[PDB]
Amino acid sequence: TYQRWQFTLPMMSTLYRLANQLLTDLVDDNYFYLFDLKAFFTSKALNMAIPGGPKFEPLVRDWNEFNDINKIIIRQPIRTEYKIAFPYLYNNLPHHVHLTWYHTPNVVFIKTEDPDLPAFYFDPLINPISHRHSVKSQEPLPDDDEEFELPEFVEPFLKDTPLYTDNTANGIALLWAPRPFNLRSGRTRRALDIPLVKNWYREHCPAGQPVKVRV
Amino acid sequence: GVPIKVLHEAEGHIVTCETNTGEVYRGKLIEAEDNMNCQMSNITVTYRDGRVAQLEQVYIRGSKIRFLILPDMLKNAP
Amino acid sequence: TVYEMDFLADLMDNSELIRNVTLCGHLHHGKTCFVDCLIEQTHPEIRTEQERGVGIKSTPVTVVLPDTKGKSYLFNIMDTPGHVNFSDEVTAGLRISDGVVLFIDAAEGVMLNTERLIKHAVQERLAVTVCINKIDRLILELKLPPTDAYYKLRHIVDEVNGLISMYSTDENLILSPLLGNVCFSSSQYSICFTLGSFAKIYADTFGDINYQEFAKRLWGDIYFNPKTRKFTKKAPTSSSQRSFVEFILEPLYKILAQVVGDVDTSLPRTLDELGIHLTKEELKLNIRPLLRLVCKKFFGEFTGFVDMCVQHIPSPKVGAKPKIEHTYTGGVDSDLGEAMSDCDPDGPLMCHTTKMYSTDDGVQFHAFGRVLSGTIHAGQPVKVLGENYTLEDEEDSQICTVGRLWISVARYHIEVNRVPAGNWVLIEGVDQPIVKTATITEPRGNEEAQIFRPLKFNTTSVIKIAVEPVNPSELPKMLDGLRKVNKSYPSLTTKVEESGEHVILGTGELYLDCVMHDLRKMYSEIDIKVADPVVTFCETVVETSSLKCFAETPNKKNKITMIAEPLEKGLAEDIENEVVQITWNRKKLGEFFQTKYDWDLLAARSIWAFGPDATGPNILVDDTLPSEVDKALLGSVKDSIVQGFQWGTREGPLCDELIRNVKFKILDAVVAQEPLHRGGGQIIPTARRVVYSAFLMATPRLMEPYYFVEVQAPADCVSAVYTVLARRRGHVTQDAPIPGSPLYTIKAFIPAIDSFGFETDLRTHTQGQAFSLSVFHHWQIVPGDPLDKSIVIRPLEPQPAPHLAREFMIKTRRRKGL
Amino acid sequence: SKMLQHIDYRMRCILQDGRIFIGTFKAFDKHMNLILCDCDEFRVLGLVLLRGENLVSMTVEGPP
Amino acid sequence: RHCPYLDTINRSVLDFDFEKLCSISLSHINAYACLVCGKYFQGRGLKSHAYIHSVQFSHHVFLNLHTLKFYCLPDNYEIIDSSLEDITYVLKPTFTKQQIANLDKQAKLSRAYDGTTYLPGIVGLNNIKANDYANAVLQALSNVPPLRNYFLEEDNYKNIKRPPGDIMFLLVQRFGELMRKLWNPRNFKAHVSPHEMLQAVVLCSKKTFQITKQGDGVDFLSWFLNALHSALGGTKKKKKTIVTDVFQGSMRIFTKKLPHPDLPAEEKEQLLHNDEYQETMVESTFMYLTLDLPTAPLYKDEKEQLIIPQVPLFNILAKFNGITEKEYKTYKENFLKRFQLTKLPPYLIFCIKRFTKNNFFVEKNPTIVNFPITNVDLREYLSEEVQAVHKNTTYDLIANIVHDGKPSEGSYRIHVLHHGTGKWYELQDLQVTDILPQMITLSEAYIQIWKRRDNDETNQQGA
Amino acid sequence: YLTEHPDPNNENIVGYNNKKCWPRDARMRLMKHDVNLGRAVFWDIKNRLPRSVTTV
Ligand SMILES: Nc1nc2c(ncn2[C@@H]2O[C@H](COP(=O)(O)OP(=O)(O)OP(=O)(O)O)[C@@H](O)[C@H]2O)c(=O)[nH]1
Ligand SMILES: [Mg+2]
């Protein structure tokens, strides 16, 4: 019936790399900070066009005090990105408005170009802990070199297993893959949807173009 | 198990301990060793002669305890 | 749910097995996910914030979790949002809680809000325990070596200890792995462990060896010799990794590496050694899920955090002695303070309301509070005391019956009949009576208890937004909405000006935006207009006035000669922190001032008041030969003058704002003898004028609030961050790489007005890599002079720095002062 | 084994001194330590835990 | 007891019938009226707009809107001994049963501060050009004696630190103060402003007073009656004092006792068939009885009236003469009908169907509705007196909403009987005028209240 | 005027007429002092005319 596949990771990682050119650069979701459906609903609702996003037909359809210029302090001028980001502060008469704004711990993805020895002794960044203080945090635990005989026949549980395995790197890589390749067993799907062009669709500001592409 | 989980689970709670010689000790157990030896604080001991002996701290041996009275409401088991 | 309720009631009754726990950690360090996982363990019954992905409001959870001993424990957990703007909820949580648990991300290291949370905890005298979340990041993201990981772990703990030592003069406690204060846990993969916890696991797997002794020598500069057997201080030249590494990090890496790395070839055998039993189905899962399951089976329930909480938490019994002095205005002495300390359900009992939790359906909301003494029964009528209410001020106070009591699991409401003191509880029916923080008291009882000090806020609210409903006729509805948000948020401060503009003061953009949104969709139906964000300002005078204007009252019974000059470099900051506060004795205070700042003894003697706030920037001083000659009358006149001076300082003589960093000094006092009601009534209005005049005479003062900004960013985008800051008038303080992680930290300052939209611009230019948090930190004089007629302001075009002061002054006045 | 059939049942425990304990059997151990609920001595002990060293006989005094 | 600042009090600048907010903070909490400028300020303490105002605007005597107390500042003390009984009474008028009988005044010509001279209950109201409908219902309900006397002397209701026997919520406390106000014999001006009551009834969701696109005397009367009965109610003082005698839509619900009795009637409809098919009876409780009004052409132009139809107006008299039930049971819907008024309530509201808002703006049903009944002997009495022409019960006209046809909205003026001078009294946007009771019907009637006498033969005999 | 027509809301201008024909900077500014004066003046004039003869 050819539904329900289960993948060997080695197979999956090999396929992924062959599809690597097609694959998007960035593992985290912070890149698409402004790539928000809520933003798009609000933009249409607020009739505001995001620099390089889609435009739309207008959804439906005067001296005032707050407008006055002499009472206005300007340090920075309220750019449209703010109006879309905070549309009930930036923008008046919001209706049916959702809360964009995703804040999360920074997403860091590690990959190594050359296999070397499984695992990495030091990070690419090479930030140094350089612990610095007094007597390197003196520890007064179990009476060392005295009554600490220890226990015979006991050992660390994970000592027998290797810290890294030939497929460890590949296993880790599959944690940050586009949706069909991050699951060993993933549901079978039809070709009805069409294409994998959305990553291409997701491009923000390519440059070196005619408008043709902006449309 | 019931002796272990309720033993160390009674730490800090009032409980009654009846020795093998008839010495009843009621108080808050500080800790319960895996050897069943326990230590109680502010425990009242009542001898066979009716003498009530209030002790600040008492350590009862595991083999010297005939039974123990656990608190009413707790779940080690149903 | 009834059986659980009975058990919960017994636990609550004990009051020693339940410890209130509050945890605060920098944005996204995992507090929320940890709580969610804990709830799942506790109740397998799995039935704006969610979409945003950022906690906007603090949530309280109560659960019972068995420890290693197995004795049941009652935990009240309040989760506080990581974001700095929404720090106010965290402050409320800290005040309610006995102890606070700190969460630090392993990869991120020490972060802005971590420091602030630690400082607040030290100031509030709550015991601090720290859990390191996202432990796996080094292993599975950074791919640091186990030795390297241990080095990085030592660093974070050392930094935290240093901060604690800095904040408190007395080093009662230091956080270290050996102590058990710090728990290494990763929320996502369900592994929470402490050296004690790990030792217990080892003991369970192995023969019976004593866990405590092994744990003590387990972590920090201890080397275990296999031949040696028992742990000993390092003596091998050959080099065996510190025993923390050898017994913990090594096996942790090996478990992770097998599961991600292999999972088919050798993963099963590793499991056999471990003794874990796996279904074929389970072994077909994706790696993250499979890894989490494996880790859960290996690490037990979630024991380390519970152990830490039971062990180093003072709980209800200790509770009040540290807490009441800060919290209760009496501070104990004769009755109420003593009663609170016992914590028994007897006599006065007591409640403290530090929060209001909104109901979707209606404006009324259920209040959350920590019952301090005695106990509360449903349907009892309880007196409510406002922050405003003091000793004999009955008019503010209101009394209403209690409709219902609830014990809160995450966003589930357990009704209960009664609640003993020392337990968090939601109170139905007290919503209308209480504004912001509140105290609940015996109703109609003689009792008499001073209200707990109102929340004191780590930040100062600065950003001002004007609000007006689109349709004028809907005004009262909007006003109602505003009331609701004042209850919902802690620091959120509203006001109505002379113009009539309705004003909201907030901490920053995200805070303000969320408040606006919440009001618009949940409190008031009406469409709301909004003005562009503007900062408040503060007024200070650069130099002393050569000539001092002396003004008589309506009836010329007296005259007042007063000068003004800017206070010393380290005066105002100390005055506010209460270091040299008015509470201290004249001899003590004067002497302290003189020693610290080389103050004159005579001038010290002459100090009368700190103006606008009991702790306030401004100082009032009396230095006249004449005053000494006829002091009797002088004291009374000084008191009235001080009240007038206080009024003058808050309002301002330019933008109608607060006056900052200014000393006002009386040189001549003229009061007609036996002035009676003349002096009493006329002097106050006069004094306000006098202050202003000296202010006019004593130079021009320029002010604007500044924000401290932490930017986390990759090396390649540092130039872009610098450029944005330069564009907005910022200036950078420090640019330094983060140890043990790849990334730079940029610390900078930036003018409040120029900060609007800064975050967004930074993120946009760096392609979502840099990220900025921003917090009010510092006042600083504006370049432009307060008064400059020769300066012409163009109506739209941004002005040059040389005369921003003029622009700000004029426009602010036009907004309201006129 | 046979310990699963007597779970959540009211048994009758006899000690070495001749004292009988009638209560609901809850949990036991490999050392034959009986934890009885609502036990009544032949004074109401209620919740109590009896050691297996002094145990003698365990009989069923009624339906569970 | 000259607290000398009492001299500074300006009675003539007070007006309690304004929204209860600080004018320079728009908070409701702890509002204090300055008695010298009549402006509201939130208060007591140092940095409070009331204290600051007392000193920058030299105005020391204040009144605590939400607590019945006066304060003299700058010290901040309470004026224990309060000759401001006058002032407190214009906040919060207070009555004892003697007063409601007392003079037989019935409505003795009061003075305001201006010496304008007006009959107590018989007062008009500001801004009729946005709340005229509301003012018509308020004056109807505050005329009905059991309802009115209940509110006027039920001083218990909703203080701060009241006992337990007393509370009902903000809606009822405010409608109580409106009623108190409109009977006040010592009003500082002749007329009152219910605009804040009305806006609080739209803005304060516990009333969704959220009716619009019609918004009449009928609709608002119904919405008020229903609300009062839900919001004073049984044991919760709102159905014992309401008066489940004073009407009785005797069918169902007995609610707040006074307005399920005290405004409902019961029409037992009685469907019939011939043969032996005993078709069925439907008692229905009803607070207001919708008259029809025969077949006015409406989509037909005019010179109207005497040159299309006025005179015989009276397709209408006691129109039904039993409604569907006695003579002209032209009961189109089904086999047989008669519609008996089988409970007959101590008042009886009629509401003339004047028109079908289902279609366009409305050509109404103008067909004049002649019951200026003139009949007592001792007559020229407008003796109203409607007697049941199958049974006897005998009822006297005592109110009469009029529609007027302003080129801008509508308008809705309200004509009340005054038993004791025997003088009908129009009010018409703060204006008042006496009207010849035989000429009442020459306006477009809209709503009448009809008191039951001969029940005052049960209570002519029951005194 | 305030005594004759006093409103808590001070909606007044809500209905206040102005000229849409001119640009915002040219069109009349809205102020309570200005708007209350406007309504007070209109009110004063309106009260000098009997409804039975004419009205405004
Ligand atoms: N590496 C790692 N990341 C985690 C773990 N648990 C949670 N996270 C991530 O950390 C981010 C924040 O976690 P949350 O618990 O949602 O944050 P929170 O504290 O609940 O909400 P804030 O208080 O606003 O931060 C999320 O993106 C999680 O995916 C973990 O065990 N390891
Ligand atoms: Mg959270």
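Residues numbered from 1 in each chain as written, not as in the entry; some residues may be left out. Chains lettered and ligands numbered in written order. Part of a larger assembly, values for the part shown. Heavy atoms only, no water. Residues with missing side-chain atoms left out of burial classes, pairs and counts.

Novice: Help me get a handle on the overall build of chain D, residues and values and all.
Specialist: Within chain D, the regular secondary structure consists of zero helices and five strands. In chain D, the succession of α and β elements from N to C terminus is β-β-β-β-β. Computed over the C-alpha atoms, the radius of gyration of chain D is 11 Å, within 12% of the 11 Å expected from 2.2 N^0.38 for a compact globule of 64 residues. (Helix = DSSP H or I, 4+ residues; strand = E, 2+ residues; numbered from the N terminus. Rg over C-alpha atoms; globule rule 2.2 N^0.38 Å.)

Novice: Which residues make up the overall build of chain E, and what are the values?
Specialist: If you tally the helices and strands in chain E, you get nine helices and 18 strands. The C-alpha atoms of chain E give a radius of gyration of 25 Å, which matches the 23 Å a tight globule of 463 residues would have. For the C-alpha atoms alone, the extent of chain E along its principal axes is close to 90 × 50 × 45 Å. Long-range contacts, defined as pairs at least 24 residues apart, comprise 41% of the intrachain contacts of chain E with a sequence gap of at least 6. (Contact = heavy atoms within 4.5 Å.)

Novice: Lay out the interface of chain A and chain C with the relevant residues and their values.
Specialist: Residue-level contacts link 39 residues of chain A with 39 residues of chain C. In the side of chain A that touches chain C, the residues fall into 23 nonpolar, 10 polar and six charged. (Nonpolar A, V, L, I, M, F, W, Y, C, P; charged D, E, K, R; others polar.)

Novice: Mind laying out the sheet that holds strand β9 (residues 281-286) of chain E, listing which residues take part and the relevant values?
Specialist: In sheet architecture, strand pairing relies on hydrogen bonds along the backbone and comes in two forms, parallel and antiparallel. Residues and elements named next belong to chain E. Here we have three strands laid out as an open sheet, ordered β9-β8-β11, and antiparallel in their pairing. Edge positions in the sheet fall to β9 and β11 (336-343), since each has one partner strand and no second. The mean inter-strand angle of the sheet, taken between neighbouring strand axes irrespective of direction, is 20°. The sheet contact formed by strand β8 (residues 265-272) and β11 spans seven bridges and is antiparallel. By the bridge assignment for β11, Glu266 is matched with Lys343. (Pairing = 2+ DSSP bridges. Axes fitted to C-alpha atoms, helices over the stretch in contact; angles between N-to-C directions.)

Novice: Residue-level account of the UniProt feature "domain: USP" in chain E, with values.
Specialist: Taking the numbering used here, the UniProt-annotated feature "domain: USP" corresponds to residues 123-453 of chain E. Between the first and last C-alpha atoms of residues 123-453 of chain E the distance is 26 Å; the span itself is 19% helix and 21% strand. (UniProt positions renumbered as here; feature names shortened; annotations may be inferred.)

Novice: So what's going on with helix α10 (residues 243-261) of chain C? Which residues, and what values?
Specialist: All names here are of chain C. Given a rise of 1.5 Å per residue, 19 residues ought to cover 27 Å, and the 25 Å separating the end C-alpha atoms of α10 matches this to within 8%. Along α10, the sharpest kink reaches roughly 35°, centred on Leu249 and followed within four residues by the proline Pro251. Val263 sits one or two residues past α10 and shows a positive phi near 85°. (Expected span 1.5 Å × (residues − 1). Bend = angle between axes of the 7 residues up to and from the residue.)

Novice: Hey, could you go over the UniProt feature "binding site: Zn(2+)" in chain E for me, with residue numbers and the actual values?
Specialist: Residue and element names in this part refer to chain E. Sites flagged by UniProt as "binding site: Zn(2+)" map to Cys34, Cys37, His53 and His59. Spatially, the listed residues are clustered: although they cover 26 residues, their C-alpha atoms lie within 10.5 Å of one another. Here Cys37 is to be found in the loop between β1 (31-34) and β2 (40-42). Within the secondary structure, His59 is located in the loop between α1 (49-56) and β3 (61-64).

Novice: So what's going on with the pairing of strand β17 (residues 431-435) of chain E? Residues and values would help.
Specialist: Residue and element names in this part refer to chain E. With five bridges joining them, strand β16 (residues 424-428) and β17 adopt antiparallel strand pairing. When the bridges of β17 are listed, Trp424 appears paired with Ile435. Connecting β16 to the antiparallel partner β17 that follows it, the hairpin turn spans two residues, and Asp429 within it adopts a positive phi of roughly 30°.

Novice: Explain the arrangement of the chains residue by residue, including any values.
Specialist: Out of five pairs of chains that touch, the pair holding the most contacts is chains A and C. What separates chain D from chain E at the closest point of their C-alpha atoms is a distance of 45 Å, and the two make no contact. When C-alpha atoms are compared, chain D and chain F, though not in contact, are closest at a spacing of 70 Å.

Novice: Which residues make up the sheet that holds strand β5 (residues 55-60) of chain D, and what values go with them?
Specialist: Pairing in this open sheet of 10 strands is antiparallel, and the strands run β4(B)-β3(B)-β2(B)-β1(B)-β5(B)-β4(D)-β3(D)-β2(D)-β1(D)-β5(D) from one edge to the other. The sheet is open, and its two borders are formed by β4 (52-60) of chain B together with β5 of chain D, each paired with just one other strand. The mean angle between the axes of side-by-side strands here comes to 35°, regardless of whether they run parallel or antiparallel.

Novice: Tell me about the pairing of strand β18 (residues 463-469) of chain C, residues and numbers included.
Specialist: Remember that side chains alternate between the two faces of the sheet whenever the strand is regular. Residues and elements named next belong to chain C. Where β18 meets strand β20 (residues 502-506), five bridges bridge the pair, whose relative direction is antiparallel. Residue pairing across strands places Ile463 opposite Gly506, the latter belonging to β20. Bridging between β18 and strand β21 (residues 528-530) involves three bridges; their strand directions are antiparallel. Along β21, the bridge assignment pairs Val467 with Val530.

Novice: Outline unusual backbone geometry, listing residues and values.
Specialist: For residues besides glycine, phi is generally negative; the peptide bonds are generally trans as well. The phi torsion at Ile194 of chain A lies on the positive side, around 125°, for a residue other than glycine. Looking at where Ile194 of chain A falls in the secondary structure, it is placed in the loop between β2 (185-186) and α5 (198-201).

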